[PDB]
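For reference, the structure discussed in these notes is given below.
Chains as they are written, first to last, in UniProt numbering: chain A, 2 to 94; chain B, 2 to 94.
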């Protein structure tokens with residue numbers, strides 16, 4: 002019910018959008034989850050900032066893109082990318 | 002504009018709610034940020050799962066609660082707590 006608490010519930014519902022395959026509710030194998038957000042956050046390409054942070058995250062998905070990611074992995078890894086493009090000016094319009 | 006992209010924009014606006022002090026937009030010192038979410042996620046106390054994950058996160062805020070946290074720190078640390086209470090049954094009603 003709180004503003005921050007409300008955000009937590011919304012994230013779980015959207016995860017179902019991609020993971021709702023009903024098979025693996027997880028955020029899928031690391032190789033796929035990256036294809037989904039790396040493209041969904043297209044505005045991310047609008048202005049990359051720290052290539053070192055993005056570079057490390059890409060290391061886990063490329064070393065074993067067959068690994069796995071779930072809610073804590075989707076949130077921690079996606080927030081980590083935000084470091085590399087945390088630019089608030091990354092507005093697409 | 003996408004469902005996952007929309008969640009990213011909403012999180013920044015609520016951070017302003019607590020951090021909007023206008024001084025430090027960061028998520029504040031680690032000691033305070035924990036007081037805010039540890040209480041806001043009250044349903045978290047509804048059913049703690051892995052005390053080891055929560056225990057490690059508490060280590061950073063207790064070793065130097067005077068440290069600092071920002072957007073990537075608030076998202077990665079708060080998602081990390083979700084590991085300790087990821088219980089979907091943690092419904093308060």
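Cβ coordinates follow ideal geometry from the N, Cα and C atoms, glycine included.
Legend entry - Euclidean distance between Cα positions of residue 54 of chain A and residue 93 of chain B: 37 Å
Legend entry - For residue 41 of chain B and residue 6 of chain A, believed in contact at Cβ under 8 Å, the rounded distance: 6 Å
Legend entry - C-beta neighbour in chain B for residue 65 of chain A, strict 8 Å: no
Legend entry - Span separating the alpha-carbon of residue 28 of chain B from that of residue 61 of chain A: 27 Å
Legend entry - Contacting positions in the UniProt domain "EF-hand 2" (50-85) of chain A - beta carbon closer than 7 Å to chain B: 72, 73, 76, 77, 80, 81, 83 and 84
Inset, instruction - Specify the secondary structure class of residue 23 of chain B as computed by DSSP and reduced to three states. - result: coil
Inset, instruction - Specify whether the segment 67-87 of chain A and the segment 78-87 of chain B touch according to this definition: at least 3 beta carbon pairs, one from each stretch, less than 8 Å apart. - result: yes
Inset, instruction - From the DSSP output, in three-state form, read off residue 94 of chain A for me. - result: coil
Inset, instruction - Rank B:35, B:44, B:46 and B:16 by C-alpha distance to the C-alpha of residue 26 of chain B and give the top, closest one. - result: B:16
Inset, instruction - Check whether the Cβ atoms of residue 20 of chain B and residue 69 of chain B sit closer than 8 Å, and answer yes or no. - result: no
Legend entry - 6 Å Cβ shell around residue 66 of chain B - same chain, five flanking residues per side excluded: 31 and 32
Inset, instruction - For residue 49 of chain B, name the three-state secondary structure that DSSP assigns. - result: coil
Legend entry - Cα-Cα separation, residue 12 of chain A to residue 91 of chain B: 15 Å
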